[PDB]
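Peer 1:
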Amino acid sequence: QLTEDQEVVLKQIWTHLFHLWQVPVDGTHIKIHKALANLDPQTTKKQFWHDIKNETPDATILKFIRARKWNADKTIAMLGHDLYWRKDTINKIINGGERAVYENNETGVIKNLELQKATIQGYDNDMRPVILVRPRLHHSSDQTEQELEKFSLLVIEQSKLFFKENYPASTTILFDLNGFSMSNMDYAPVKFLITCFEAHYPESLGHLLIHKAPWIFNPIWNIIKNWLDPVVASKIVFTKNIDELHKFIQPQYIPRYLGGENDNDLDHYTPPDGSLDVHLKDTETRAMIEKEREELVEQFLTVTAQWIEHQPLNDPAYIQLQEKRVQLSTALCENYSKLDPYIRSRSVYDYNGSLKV
Ligand SMILES: CCCCCCCC/C=C\CCCCCCCC(=O)O[C@H](COC(=O)CCCCCCCCCCCCCCCCC)COP(=O)(O)O[C@@H]1[C@H](O)[C@H](O)[C@@H](O)[C@H](O)[C@H]1O
Numbered sequence: 078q079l080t081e082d083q084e085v086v087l088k089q090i091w092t093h094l095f096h097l098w099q100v101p102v103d104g105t106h107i108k109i110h111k112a113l114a115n116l117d118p119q120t121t122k123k124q125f126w127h128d129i130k131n132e133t134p135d136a137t138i139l140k141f142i143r144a145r146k147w148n149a150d151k152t153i154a155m156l157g158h159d160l161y162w163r164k165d166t167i168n169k170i171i172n173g174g175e176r177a178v179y180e181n182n183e184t185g186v187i188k189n190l191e192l193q194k195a196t197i198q199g200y201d202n203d204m205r206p207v208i209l210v211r212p213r214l215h216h217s218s219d220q221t222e223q224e225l226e227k228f229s230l231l232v233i234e235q236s237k238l239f240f241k242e243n244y245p246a247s248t249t250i251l252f253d254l255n256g257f258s259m260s261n262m263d264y265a266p267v268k269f270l271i272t273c274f275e276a277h278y279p280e281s282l283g284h285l286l287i288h289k290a291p292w293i294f295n296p297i298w299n300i301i302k303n304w305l306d307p308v309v310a311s312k313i314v315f316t317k318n319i320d321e322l323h324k325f326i327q328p329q330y331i332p333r334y335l336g337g338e339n340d341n342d343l344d345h346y347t348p349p350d351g352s353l354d355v356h357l358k359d360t361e362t363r364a365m366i367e368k369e370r371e372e373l374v375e376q377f378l379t380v381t382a383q384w385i386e387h388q389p390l391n392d393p394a395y396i397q398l399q400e401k402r403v404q405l406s407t408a409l410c411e412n413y414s415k416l417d418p419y420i421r422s423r424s425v426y427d428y429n430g431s432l433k434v
């Protein structure tokens, strides 16, 4: 749970947002802010709530509030910038999946998926989804920079689809540098993705694992972290053996080829043939659910405005309001789970049975 100062900052952000979406609210009790100031009310509203899929809205927002140390203004800055860069693109990327990438015969997205350069391989001790990246299979000639940005966003939004409630909504990355030579190195997309990520997927990384990777390419890190942001630095962990991989991942998900019991096909990819995508046709059912969901969103906005105003904090009605907001959030999560088969092409992880939403 949050404390009273924390709820203060969360209220400040939600207020800014309703002021963008023109829903009524009285912030004072505790006109448009400049970071948001070039965003369109109807559009940004619709997009932000399409982007709220299996996490609660408060969580979606508190991630940005934490990534800026609870400073209201830089938080609204970072967040409005996220909205202006995400819009309805990421939605489209993940709902079209691999299927509309194959369909649109986008060459680089297809090589990257086929390479299994980046893939989802299971869970760590904290039930976070884990992404195997093995750069020994990257070449800058395979894909264009923007196609690589798209493959990355897709892999990560697939990792987000796994998010266990009551467990971290972050993703662990296993970087197998085993096999890495200077043929494979492409700095431009790396920087671009890291900027992409820190500004747009804040508080989304659990651990950055560097496994059985060079034996002296660990030392220099160990005091550089004092000059790095302590949070991300503590997230990065260098391991060099399956015994150090047991500290983080359970043996059933570590691949065999590193000493695990996960026997997945790592060299042959079985792309979605579209056969669980049968509910992409039910336009009537999808709208049935989407109207129920808009009912939900309006309830949430009204209750959230009430919350932003109502005084005091010890008032019974206030605990009533908190309850309802949690009720609503959960209703919206259950609802997305109903909606999913009607908006989202089944992904490779839908077919093998690793992903249930
Ligand atoms: C050679 C090319 C390889 C092709 C290989 C390309 C294929 C890979 C495609 C996708 C891979 C997976 C996506 C990665 C998402 C990682 C999550 C993430 O966003 O990481 C961010 C941190 O940066 C990173 O994790 C590094 C990015 C990892 C993977 C993306 C690029 C991969 C390129 C790797 C280089 C080569 C391999 C070596 C391994 C090094 C790993 C970088 C956010 O940190 P976080 O603590 O979670 O929140 C921040 C917040 O956000 C900040 O603002 C705040 O200031 C701060 O206080 C915190 O709150």
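Be aware that the sequence shown starts at 78, since it is given in this note's numbering, and climbs by one per residue.
By construction, the Cβ of each residue, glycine as well, lies at the ideal position given by its N, Cα and C atoms.
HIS288 bridges to which residues according to DSSP?
Peer 2: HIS288 is bridged to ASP253.
Peer 1: Within 10 angstroms of its Cβ, does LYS358 collect 16 or more other Cβ (buried), or is it exposed?
Peer 2: Answer is exposed; the Cβ neighbour count stays below 16.
Peer 1: Please confirm whether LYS241 has its beta-carbon closer than 8 Å to some beta-carbon of chain B.
Peer 2: Reference to chain B is not applicable here, since this structure consists of a single protein chain.
Peer 1: Taking the C-alpha atoms as reference points, what is the distance between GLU400 and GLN376?
Peer 2: Using only the alpha carbons, I get a separation of about 13 Å.
Peer 1: Just mark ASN189 as buried or exposed, buried being the case when its beta carbon has 16 or more other beta carbons within 10 Å.
Peer 2: It counts as buried.
Peer 1: Can you grab the Cα-Cα spacing for the pair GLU84 / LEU282, in whole Å?
Peer 2: Each residue's Cα considered, the two are about 24 Å apart.
Peer 1: Is the separation between the beta-carbon of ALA149 and that of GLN89 shorter than 8 Å?
Peer 2: Their beta carbons are under 8 Å apart, which means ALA149 touches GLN89 by this criterion.
Peer 1: Considering Cα atoms alone, identify which of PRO279, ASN295 and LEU335 is closest to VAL308.
Peer 2: Nearest of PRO279, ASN295 and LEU335 to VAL308, Cα basis: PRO279.
Peer 1: Taking 7 Å as the cut-off, does the CB of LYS312 come closer than this to any heavy atom belonging to ligand 1?
Peer 2: Yes, Cβ of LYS312 sits closer than 7 Å to a heavy atom of ligand 1.
Peer 1: Taking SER431 as the reference, give the member of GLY199, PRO118 and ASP103 with the closest Cα.
Peer 2: Measuring from the Cα of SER431, the nearest candidate turns out to be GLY199.
Peer 1: Candidates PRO266, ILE138 and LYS227: which alpha carbon is nearest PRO212's?
Peer 2: When only C-alpha atoms are compared, the closest one is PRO266.
Peer 1: I'd like the span of the alpha helix (DSSP H) that includes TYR161, first residue to last.
Peer 2: 149-163 is the span of the alpha helix (DSSP H), which, as asked, contains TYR161.
Peer 1: Could you tell me the alpha carbon to alpha carbon distance between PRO101 and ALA364, rounded to whole angstroms?
Peer 2: Near 27 Å, if we compare the C-alpha coordinates of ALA364 and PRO101.
Peer 1: Quick test of your reading: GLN235 and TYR426, contact by CB under 8 Å. State the CB separation rounded to the nearest angstrom.
Peer 2: Sure, about 6 Å apart at Cβ, within 8 Å.
Peer 1: For a test of your reading of the model: does the CB of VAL374 fall under 7 Å from any non-hydrogen atom of ligand 1? Yes or no.
Peer 2: The answer is no for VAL374.
Peer 1: Sorted by chain position, which residues of the same chain lie with C-beta nearer than 6 Å to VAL186's C-beta, five sequence neighbours on each side aside?
Peer 2: Closer than 6 Å at Cβ, skipping near neighbours: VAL178, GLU224, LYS227 and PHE228.
Peer 1: Please name the residue or residues paired with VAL207 in a DSSP beta bridge.
Peer 2: Per DSSP, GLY199 and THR249.
Peer 1: For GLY336, name the three-state secondary structure that DSSP assigns.
Peer 2: If DSSP states are grouped into helix, strand and coil, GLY336 belongs with coil.
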